[PDB]
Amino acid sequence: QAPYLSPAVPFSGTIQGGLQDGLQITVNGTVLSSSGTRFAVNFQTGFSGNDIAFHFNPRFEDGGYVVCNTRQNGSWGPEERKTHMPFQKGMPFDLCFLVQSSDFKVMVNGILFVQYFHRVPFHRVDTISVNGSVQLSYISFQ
C-alpha cells in the first residue's frame, strides 16, 4: 500500500487488505505545542468510530499517560493506562504499530513502548484514524 502523505487531521484512511499478522503501520508526525492535550491513533472497522479495536491515546494530563482501549458497539471497555509519556509537546515522533497474533506491539522513536492484547478479532480492522493535537507527515504500511 502507498503511504498517506501529509494527511490532514482529523484523518481516516483505509488499510488495504485490513490488519494482518506481521503488518507494521508507521505514523510519523509532530505533537502540536499548544493545540490541546491529547491525540489518538485508532485502528477501527469502517469510518464510524463505533468499533475501534485499538485506541492508542496519549494524554498530556495528570502527569502524562497513554490510554489504550477498545470500543465495541459504541461502548468503551476498561482502560489500560501506561503512566509513561514517550511523546513531547512540539516534538516530532515516529510511532510504529506491529500487529502480532495475540497483541499489538507499539514502538515510539525506535523503542518498544507498550503491548496491547487483542480484545476483538484484528482481521476485521480495515481503517486507521488519527485525531487531536498532532500534525501528520505520513502514515506508511509494510
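The term rigid core refers to the most C-alpha atoms you can superpose between the two forms while keeping them within 1.5 Å. From 1 onward, residues are counted along the sequence shown.
Put simply, when the other structures in 8 other deposited structures of this protein are lined up on the rigid core, the C-alpha atoms of 30-38 lie farther off than those of the other stretch, from 30-38 and 97-105. Stretches 80-88 and 52-60 differ in mean CA B factor, with 80-88 having the higher one.
According to the PDB record, 18-26 carries the higher mean C-alpha B-factor of the two stretches 127-135 and 18-26. In this structure the maximum Cα B-factor among 68, 41, 31, 107 is found at 107.
Ranked against the other modelled residues of its chain, the C-alpha B-factor of residue 37 as given in the entry falls in the lowest third.
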